[PDB]
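Coming up is one lone chain in structure tokens, specifically the form deposited without the partner chain.
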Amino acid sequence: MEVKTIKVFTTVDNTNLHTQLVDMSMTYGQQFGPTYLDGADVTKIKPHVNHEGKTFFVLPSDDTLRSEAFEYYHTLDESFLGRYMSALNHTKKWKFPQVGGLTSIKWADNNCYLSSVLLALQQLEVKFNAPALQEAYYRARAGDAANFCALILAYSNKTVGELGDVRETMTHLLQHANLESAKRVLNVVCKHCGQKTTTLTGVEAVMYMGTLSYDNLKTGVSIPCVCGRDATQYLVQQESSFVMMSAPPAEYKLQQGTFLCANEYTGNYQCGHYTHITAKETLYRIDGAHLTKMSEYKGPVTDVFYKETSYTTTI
């Protein structure tokens, strides 16, 4: 005969708050659907008096929340908020030490691929379209990356603990970056057939699988011609702030003054592990919270990043 309530706020973006009166005799789940407090799932709990005035994250369940979720995350999937919160409940527990002047991630839950992605991004000029990513990234660069890591996992449909691949993760993450002005032009030349250019834009303009060497794209890559002879594919225009060269792991030597940063993959499956290498006053090998300085590195490199502004040949 009496409904006892506490006033709380619900939100999907942490800026637009919606006042709610929650009945203390019912769970949060019964009233709001899946609910989270500071990332912890409180769906099955009934309101505590001390929850008064606190802000809870909920799934976008009405027009207003859906619009707020889209504007902030650029997502239409209602479950996104749940997967983000689920991941954040874990990543908020991770440690993000400064290692060699960069924000790294202390090893946990097979997060070494995420640590490599984060280390590389900090060294590139890149900006994201979604406010949520932009903001989370600003924080990660400063040394606080729990939110950024959870968003990466949520956007890529991977869970904490799941094995990851740097190239695949970067690909999915760069699809959320503003690469509108990224452009690559290749010229394929055959002694007998002639020449033809291929233009690529966006993510495809900055990534390449097959060789770790940016110089190799410039010198030319052998390719089969429709006729049957061997043609040469040359990079003739590259307009981007960086390029990422990838290849299946194989012994490769990284030398100072020739690249921006890179990562190597040692082992397979349960023993597979990534470490990052960056070029500073000397080479730095960043392995989670561990730093090793060396004049050169030879190991199973799988991705190498290079800085760029504009590269063009006569064609």
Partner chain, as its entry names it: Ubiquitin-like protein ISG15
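Here, rigid core means the biggest group of C-alpha atoms that superpose within 1.5 Å across both forms. Positions refer to the first chain, counted from 1. Only residues modelled in both forms are compared.
Asks: Return whichever of 194 to 202 and 236 to 244 has the greater mean Cα B factor according to the PDB record.
Replies: Higher mean C-alpha B-factor: 194 to 202.
Asks: In the PDB record, does 158 to 166 or 221 to 229 carry the higher mean Cα temperature factor?
Replies: Between 158 to 166 and 221 to 229, it is 221 to 229.
Asks: Per the entry, which of 120, 182, 149, 112 tops the list for Cα B factor?
Replies: When the deposited C-alpha B-factors of 120, 182, 149, 112 are compared, 182 is largest.
Asks: Please work out which residue in 174, 212, 105, 142 has the highest C-alpha B-factor recorded for this crystal structure.
Replies: Spelled out: the listed residue with the top C-alpha B-factor is 142.
Asks: Against its chain's modelled residues, does residue 53's Cα B factor rank lowest, middle or highest third?
Replies: Within its chain, residue 53 is a lowest-third residue by C-alpha B-factor, going by the deposited values.
Asks: Ranked by Cα temperature factor within the chain, is residue 259 in the lowest third, the middle third or the highest third?
Replies: Within its chain, residue 259 is a middle-third residue by C-alpha B-factor, going by the deposited values.
Asks: Can you tell me which third, lowest, middle or highest, the CA B-factor of residue 138 falls into for its chain?
Replies: Top third by C-alpha B-factor.
Asks: Of the three thirds of its chain by CA temperature factor, lowest, middle or highest, which one includes residue 270?
Replies: CA B-factor rank for residue 270: highest third.
Asks: Determine, from the deposited record, the chain-internal third of the Cα B-factor for residue 42: lowest, middle or highest.
Replies: Within its chain, residue 42 is a lowest-third residue by C-alpha B-factor, going by the deposited values.
Same protein, other form: the form deposited with the partner chain bound, not shown, and the subject of what follows.
Asks: Is residue 10 close to the partner chain in the deposited bound form, meaning a heavy atom pair under 4.5 Å apart or at it?
Replies: Contact with the partner chain, no.
Asks: Spell out, yes or no, whether the shortest heavy atom distance between residue 132 and the partner chain in the deposited bound form is within 4.5 Å.
Replies: The answer is no: residue 132 has no heavy atom within 4.5 Å of the partner chain.
Asks: Taking 4.5 angstroms as the cut-off for heavy atoms, does residue 270 touch the partner chain in the deposited bound form?
Replies: Close contact exists here: in the deposited bound form, residue 270 approaches the partner chain to within 4.5 Å, heavy atoms only.
Asks: Decide whether residue 232 counts as a contact residue for the partner chain in the deposited bound form under a heavy atom distance cut-off of 4.5 Å.
Replies: Although the partner chain is absent here, residue 232 would stay clear of it in the deposited bound form, with no heavy atoms inside 4.5 Å.
Asks: Please pick out the stretch from 119 to 127, 234 to 242, 137 to 145, 167 to 175 that is in contact with the partner chain in the deposited bound form, where contact means heavy atoms within 4.5 Å.
Replies: Of the options given, it is 167 to 175.
Asks: So which of 219, 199, 195, 79 gets a non-hydrogen atom within 4.5 Å of the partner chain in the deposited bound form?
Replies: For this set of options, the contacting one is 79.
Asks: Given that the partner chain is left out here, which of 73, 96, 155, 214 has a heavy atom within 4.5 Å of it in the deposited bound form?
Replies: Here the answer is residue option 155.
Asks: Tell which of 190, 173, 205, 212, after superposing on the rigid core, has its C-alpha displaced by 2 Å or more between this form and the one not shown, please.
Replies: Meeting the 2 Å or more criterion is only 190.
Asks: Compare the position of the CA of residue 224 between this form and the one not shown after a rigid core fit and state whether the shift reaches 2 Å.
Replies: It does, since the residue 224 C-alpha is displaced 2 Å or more between this form and the one not shown after the core fit.
Asks: If we fit on the core, is the Cα of residue 28 displaced 2 Å or more between this form and the one not shown?
Replies: Yes; residue 28 is a residue whose C-alpha shifts (by 2 Å or more) between this form and the one not shown when the cores are overlaid.
Asks: Comparing between this form and the one not shown on the rigid core, is the C-alpha shift at residue 287 2 Å or larger?
Replies: No; residue 287 is a residue whose C-alpha shifts by less than 2 Å between this form and the one not shown when the cores are overlaid.
Asks: Just say closer or farther for the C-alpha distance from residue 269 to residue 213 in the deposited bound form, relative to the shown form; it changes by 3 Å or more.
Replies: Compared with this form, residue 269 and residue 213 lie closer in the deposited bound form.
Asks: Say whether the C-alpha atoms of residue 73 and residue 55 sit closer together or farther apart in the deposited bound form than in the form shown here, given that their separation changes by 3 Å or more.
Replies: Compared with the form shown here, the C-alpha atoms of residue 73 and residue 55 sit farther apart in the deposited bound form, by 3 Å or more.
Asks: Which bits shift between this form and the one not shown if the core is lined up, counting only runs of three or more residues where every C-alpha moves 2 Å or more?
Replies: Runs found: 2 to 65, 187 to 197, 222 to 234, 268 to 271, 313 to 315, listed by sequence.
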